[PDB]
A.B. asks: 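The structure is given below, and queries will be raised subsequently.
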Amino acid sequence: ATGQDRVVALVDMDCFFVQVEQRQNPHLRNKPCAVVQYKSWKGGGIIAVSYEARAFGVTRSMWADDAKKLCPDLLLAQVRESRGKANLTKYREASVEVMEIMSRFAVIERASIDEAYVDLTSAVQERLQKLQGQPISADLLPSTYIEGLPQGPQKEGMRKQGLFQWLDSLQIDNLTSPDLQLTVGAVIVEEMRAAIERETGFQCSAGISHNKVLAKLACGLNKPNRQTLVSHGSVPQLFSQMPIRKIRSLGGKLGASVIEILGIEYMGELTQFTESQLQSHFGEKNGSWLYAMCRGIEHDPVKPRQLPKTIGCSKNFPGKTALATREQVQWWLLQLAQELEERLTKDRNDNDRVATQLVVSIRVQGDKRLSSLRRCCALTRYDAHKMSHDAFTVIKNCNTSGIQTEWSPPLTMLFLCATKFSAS
DNA sequence: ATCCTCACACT
DNA sequence: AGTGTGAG
Ligand SMILES: O=c1[nH]cnc2c1ncn2[C@@H]1O[C@H](COP(=O)(O)OP(=O)(O)OP(=O)(O)O)[C@@H](O)[C@H]1O
Ligand SMILES: [Ca+2]
């Protein structure tokens with residue numbers, strides 16, 4: 001069982017919010033620029049950065065004021081604000097443009113506002129029978145890198161050398177060769193990426209491999225505006241120096257414990273342990289997953305799911321902006337409930353379904369964790385005043401204050417979330 | 001003073 | 001149901 005049954009791609013829009021703003025405002029094209037939210041505190045928080053600005057050191061989560069120290073000519077586009085909170089609708093609508101195009105080529109799984117997994121297995125099978133048995137020209141793969149090549153006895157020049165070595169050794173007469181299947185998968189992804197750019201103006205990167213984790217890793221290897229094929233055979237060398245934290249799901253505490261408990265640094269070092277050893281350190285499911293994944297094997301399916309499952313609306317109130325009065329809390333709960341009603345109504349029309357549970361969460365000043373508490377209640381009518389009233393009710397007892405008009409401890413986060421949908 | 005958005009495992 | 005982890 002070598003984990004080679006499927007062709008999976010991951011498509012990731014390059015600096016997506018920046019591209020949306022650069023399409024809209026040509027003055028921002030081909031310039032060091034960034035997208036910011038909330039201009040008042042330190043110039044705004046940077047949420048997306050063009051590759052020209054990344055060369056100066058500008059990164060996501062920097063304050064715009066600090067970004068300008070690294071890049072004085074940095075241009076900024078600011079996110080829309082509605083009811084006091086950053087409003088992402090422009091980027092959501094641009095994302096829909098891209099996913100609709102991807103959907104023409106294969107069933108997609110939306111992974112975020114700007115990435116989607118593609119299961120290409122059947123598309124490849126149909127393209128292979130249409131290809132008689134003729135060779136795949138390098139001209140069909142004008143932006144594809146073959147990871148690990150060239151090898152043996154300028155950037156674009158070597159892309160082609162590696163692609164030449166790959167195609168020169170392809171066994172085209174075998175319609176079940178995994179390497180050939182990946183190659184046809186990459187041809188299709190070239191076509192999909194060309195269609196995205198033609199029809200929206202947006203560029204993207206992509207990974208093509210045998211599963212979602214390798215496809216995601218592949219996609220990051222040659223960014224921006226390129227795609228990377230990671231074959232099963234490329235995995236031992238690729239993983240031999242790959243930090244464990246770079247593999248999807250190992251970027252946090254679990255990945256840190258793998259490194260600490262086992263005393264290793266790279267993904268390939270996991271192969272020396274038995275599956276029972278890994279299960280004894282990390283649990284049955286994590287140990288089995290790690291045993292397969294360090295050999296390049298992962299089975300998480302591309303889920304036929306193009307749109308999300310919950311719709312939620314939150315806002316942070318950091319520092320001295322924490323909410324302290326009952327009618328501050330009710331006002332911001334109303335603001336959140338209003339935009340939630342707006343997105344729920346749109347979701348009832350476009351997608352034909354109705355949310356039926358409302359989740360209310362708060363953060364108290366002094367608490368360490370993203371959420372201090374989560375309560376639910378019924379969601380039956382898409383009406384903001386009722387929802388904000390209901391949300392107040394399920395949290396009105398968290399108020400440790402003896403005063404009715406005061407709220408203590410002060411609130412640093414409010415969150416309203418609609419869940420449990422049914423067809424409509 | 002990163003700030004949202006969403007998914008899923010565990011209990 | 002409520003909490004915690006991980007990611008874009
Ligand atoms: O830490 C985060 N807090 C909030 N939101 C985040 C965070 N991290 C990512 N996001 C969201 O995920 C979109 C694409 O995130 P991304 O990592 O793909 O970044 P880009 O496309 O800008 O650059 P590239 O892909 O070229 O690196 C971003 O806009 C943003 O909405
Ligand atoms: Ca992206």
Side-chain angles (χ1 to χ4, degrees), chain A residues 10-17 34-49 59-67 79-82 84-89 91-92 95 109-117 204-205 212-213 216-217 219-220 245-257 282-286 289 300 303 305-322 336 339-340 343 347 357-363 365 367-378 394-395 398 412-421:
Chain A
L10 182 277
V11 175
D12 186 312
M13 300 316 288
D14 297 328
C15 50
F16 186 43
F17 287 15
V35 175
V36 293
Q37 55 187 11
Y38 302 120
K39 162 78 37 172
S40 68
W41 180 262
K42 274 177 203 174
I46 290 176
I47 63 194
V49 187
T59 65
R60 206 178 38 231
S61 92
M62 277 180 175
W63 302 117
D65 282 357
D66 295 335
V79 162
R80 186 185 299 140
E81 274 168 41
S82 308
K85 163 200 167 167
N87 175 298
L88 293 186
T89 67
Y91 313 107
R92 290 202 188 82
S95 177
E109 184 186 337
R110 178 176 190 286
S112 76
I113 187 150
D114 86 320
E115 28 188 278
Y117 292 95
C204 64
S205 297
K212 291 164 89 172
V213 165
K216 173 62 168 166
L217 186 68
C219 180
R245 69 178 174 277
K246 295 278 308 293
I247 273 49
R248 185 193 77 168
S249 80
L250 300 184
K253 301 191 153 103
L254 174 60
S257 68
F282 308 113
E284 202 197 303
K285 86 158 199 113
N286 287 335
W289 188 91
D300 186 29
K303 282 144 210 45
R305 265 305 270 141
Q306 181 168 354
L307 283 135
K309 176 137 32 186
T310 56
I311 310 116
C313 290
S314 66
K315 187 167 167 63
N316 300 29
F317 305 97
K320 212 174 136 283
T321 71
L336 292 178
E339 68 144 321
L340 185 57
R343 298 194 38 240
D347 183 81
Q357 175 161 84
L358 173 86
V359 170
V360 186
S361 177
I362 85 170
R363 249 281 272 271
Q365 177 134 87
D367 183 333
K368 327 328 169 275
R369 297 162 303 187
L370 305 149
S371 163
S372 289
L373 164 156
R374 200 209 100 151
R375 305 297 208 241
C376 57
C377 60
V394 297
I395 72 158
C398 286
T412 47
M413 191 267 303
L414 292 175
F415 165 73
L416 296 178
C417 181
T419 67
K420 295 175 28 223
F421 290 68

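Computed from heavy atoms alone, side chains included, the values below leave out hydrogens, waters and symmetry copies. Quick note on labels: first sequence line is chain A, next is B, and so on, each numbered from 1.
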A.B. asks: Taking the side chain of A/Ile311 as its heavy atoms from C-beta onward, which of B/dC6, B/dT5, C/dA1 lies nearest to it?
C.D. replies: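 Taking heavy atoms from C-beta onward, the closest nucleotide is B/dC6.
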A.B. asks: Mind checking side-chain hydrogen bond (donor to acceptor under 3.5 Å, both in side chains) for A/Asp14 and listing every partner two or more places apart, or none if nothing turns up?
C.D. replies: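 So A/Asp14 forms a side-chain hydrogen bond (donor to acceptor under 3.5 Å, both in side chains) with A/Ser205, A/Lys223.
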A.B. asks: Categorize A/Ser249 for me: base, sugar-phosphate, or nothing, with a 4.0 angstrom heavy-atom threshold over every strand shown.
C.D. replies: sugar-phosphate
A.B. asks: Classify the nucleic acid contact of A/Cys417 as base, sugar-phosphate or nothing, counting any heavy atom under 4.0 Å across all strands shown.
C.D. replies: nothing
A.B. asks: With a 4.0 Å cut-off on heavy atoms, is A/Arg245 in touch with a base, just the backbone sugar-phosphate, or nothing at all?
C.D. replies: nothing
A.B. asks: Measure from CD on A/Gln306 to P on B/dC6 and round the result to the nearest Å.
C.D. replies: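 The distance from CD of A/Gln306 to P of B/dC6 comes to 15 Å, rounded to the nearest Å.
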A.B. asks: Remember a base hit wins even if backbone is also touched, and classify A/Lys216 as base, sugar-phosphate or nothing at under 4.0 Å, heavy atoms.
C.D. replies: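 If one applies the 4.0 Å heavy-atom cut-off, A/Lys216 turns out to touch the sugar-phosphate alone, with no base involved.
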A.B. asks: Using whole Å, report how far NZ of A/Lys285 lies from P of B/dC10.
C.D. replies: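 A/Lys285 atom NZ is separated from B/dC10 atom P by 6 Å.
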A.B. asks: Name the nucleic acid region contacted by A/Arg343, choosing base, sugar-phosphate or nothing; use a 4.0 angstrom heavy-atom cut-off, strictly under.
C.D. replies: sugar-phosphate
A.B. asks: With sugar-phosphate meaning primed atoms plus P, OP1 and OP2, does A/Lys42 contact a base, only sugar-phosphate, or nothing at under 4.0 Å between heavy atoms?
C.D. replies: nothing
A.B. asks: Between C/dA7 and B/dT2, how many Å separate the two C1' atoms, rounded to a whole number?
C.D. replies: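 Nearest-Å result for C/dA7 against B/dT2 at atom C1': 15 Å.
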A.B. asks: Looking across every strand, which nucleic acid part, if any, lies under 4.0 Å from A/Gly252 by heavy atom: base, sugar-phosphate, or nothing?
C.D. replies: sugar-phosphate
A.B. asks: Using a 4.0 Å heavy-atom cut-off across all strands, classify A/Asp114 as base, sugar-phosphate, or nothing.
C.D. replies: sugar-phosphate
